[PDB]
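Note: the block below is input.cif and it holds mmCIF, N, CA and C atoms.
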```cif
data_start
#
loop_
_atom_site.group_PDB
_atom_site.id
_atom_site.type_symbol
_atom_site.label_atom_id
_atom_site.label_comp_id
_atom_site.auth_asym_id
_atom_site.auth_seq_id
_atom_site.Cartn_x
_atom_site.Cartn_y
_atom_site.Cartn_z
ATOM 1 N N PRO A 1 10.577 -2.399 1.716
ATOM 2 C CA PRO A 1 10.229 -2.736 0.307
ATOM 3 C C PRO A 1 8.710 -2.624 -0.029
ATOM 4 N N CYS A 2 8.345 -1.422 -0.479
ATOM 5 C CA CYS A 2 6.986 -1.060 -0.895
ATOM 6 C C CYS A 2 6.746 -1.250 -2.426
ATOM 7 N N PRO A 3 5.603 -1.828 -2.898
ATOM 8 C CA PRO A 3 5.169 -1.727 -4.312
ATOM 9 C C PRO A 3 4.750 -0.267 -4.710
ATOM 10 N N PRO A 4 5.142 0.320 -5.877
ATOM 11 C CA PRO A 4 4.638 1.654 -6.322
ATOM 12 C C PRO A 4 3.114 1.777 -6.664
ATOM 13 N N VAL A 5 2.428 0.658 -6.979
ATOM 14 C CA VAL A 5 0.940 0.579 -6.981
ATOM 15 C C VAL A 5 0.284 0.560 -5.565
ATOM 16 N N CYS A 6 0.914 -0.018 -4.519
ATOM 17 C CA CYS A 6 0.471 0.174 -3.102
ATOM 18 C C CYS A 6 0.486 1.599 -2.507
ATOM 19 N N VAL A 7 1.412 2.428 -3.009
ATOM 20 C CA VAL A 7 1.358 3.922 -2.828
ATOM 21 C C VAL A 7 -0.042 4.586 -3.157
ATOM 22 N N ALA A 8 -0.822 4.003 -4.082
ATOM 23 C CA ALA A 8 -2.286 4.238 -4.211
ATOM 24 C C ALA A 8 -3.251 3.149 -3.613
ATOM 25 N N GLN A 9 -2.827 1.888 -3.343
ATOM 26 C CA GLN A 9 -3.719 0.713 -3.200
ATOM 27 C C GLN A 9 -3.186 -0.248 -2.103
ATOM 28 N N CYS A 10 -3.517 -0.041 -0.814
ATOM 29 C CA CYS A 10 -2.917 -0.871 0.271
ATOM 30 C C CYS A 10 -3.744 -2.138 0.580
ATOM 31 N N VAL A 11 -3.267 -3.180 -0.092
ATOM 32 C CA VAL A 11 -3.928 -4.485 -0.235
ATOM 33 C C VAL A 11 -3.311 -5.560 0.724
ATOM 34 N N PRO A 12 -3.924 -6.765 0.893
ATOM 35 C CA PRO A 12 -3.308 -7.894 1.643
ATOM 36 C C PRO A 12 -1.967 -8.515 1.157
ATOM 37 N N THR A 13 -1.681 -8.455 -0.154
ATOM 38 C CA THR A 13 -0.298 -8.637 -0.692
ATOM 39 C C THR A 13 0.727 -7.512 -0.286
ATOM 40 N N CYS A 14 0.271 -6.297 0.085
ATOM 41 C CA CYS A 14 1.157 -5.143 0.388
ATOM 42 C C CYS A 14 1.566 -5.010 1.882
ATOM 43 N N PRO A 15 2.807 -4.524 2.189
ATOM 44 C CA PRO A 15 3.243 -4.221 3.578
ATOM 45 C C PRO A 15 2.405 -3.128 4.321
ATOM 46 N N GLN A 16 2.337 -3.221 5.665
ATOM 47 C CA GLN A 16 1.590 -2.255 6.520
ATOM 48 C C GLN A 16 2.270 -0.877 6.748
ATOM 49 N N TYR A 17 3.590 -0.859 6.960
ATOM 50 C CA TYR A 17 4.455 0.309 6.678
ATOM 51 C C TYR A 17 4.384 0.939 5.239
ATOM 52 N N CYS A 18 3.958 0.169 4.211
ATOM 53 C CA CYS A 18 3.661 0.670 2.854
ATOM 54 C C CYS A 18 2.200 1.146 2.560
ATOM 55 N N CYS A 19 1.316 1.240 3.581
ATOM 56 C CA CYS A 19 0.005 1.921 3.474
ATOM 57 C C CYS A 19 0.161 3.479 3.441
ATOM 58 N N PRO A 20 -0.413 4.217 2.447
ATOM 59 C CA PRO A 20 -0.551 5.690 2.490
ATOM 60 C C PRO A 20 -1.648 6.141 3.508
ATOM 61 N N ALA A 21 -2.123 7.323 3.178
ATOM 62 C CA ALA A 21 -3.528 7.728 3.464
ATOM 63 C C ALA A 21 -4.256 8.287 2.209
ATOM 64 N N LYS A 22 -4.315 7.384 1.238
ATOM 65 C CA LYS A 22 -4.905 7.617 -0.104
ATOM 66 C C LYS A 22 -5.346 6.236 -0.658
ATOM 67 N N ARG A 23 -6.587 5.814 -0.320
ATOM 68 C CA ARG A 23 -7.185 4.508 -0.726
ATOM 69 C C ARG A 23 -6.391 3.287 -0.169
ATOM 70 N N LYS A 24 -6.940 2.634 0.872
ATOM 71 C CA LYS A 24 -6.342 1.411 1.469
ATOM 72 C C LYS A 24 -7.116 0.177 0.921
#
```
Since I need it in another form, could you write the structure as structure tokens?
Amino acid sequence: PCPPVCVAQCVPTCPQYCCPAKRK
């Protein structure tokens, strides 16, 4: 369960499997 804003923005509220390689 990934947020669609985490697809650009991998934050402390967001999952680690939900990190891209486009702005963490």
One decimal, Å: what's the distance from atom N of residue 22 in chain A over to CA of residue 1 in chain A, could you say?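 So the two atoms, atom N of residue 22 in chain A and CA of residue 1 in chain A, lie 17.7 Å apart.
Within the file as shown, the PyMOL selection byres ((chain A and resi 8) around 6) identifies residues 4, 5, 6, 7, 9, 10, 22, 23 and 24 of chain A.
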Centre and edge lengths of an axis-aligned box around all listed atoms of range 8-23 of chain A, with 3 Å added on each side, are to be given in Å to one decimal, as lines of an AutoDock Vina configuration file.
```
center_x = -1.4
center_y = -0.2
center_z = 1.4
size_x = 17.6
size_y = 22.9
size_z = 17.2
```
Report the distance between atom N of residue 17 in chain A and atom C of residue 2 in chain A in Å, rounded to one decimal place. 9.9 Å
Would you mind reading off the distance between atom C of residue 20 in chain A and CA of residue 3 in chain A, one decimal, in Å?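 Those two atoms sit 13.0 Å apart.
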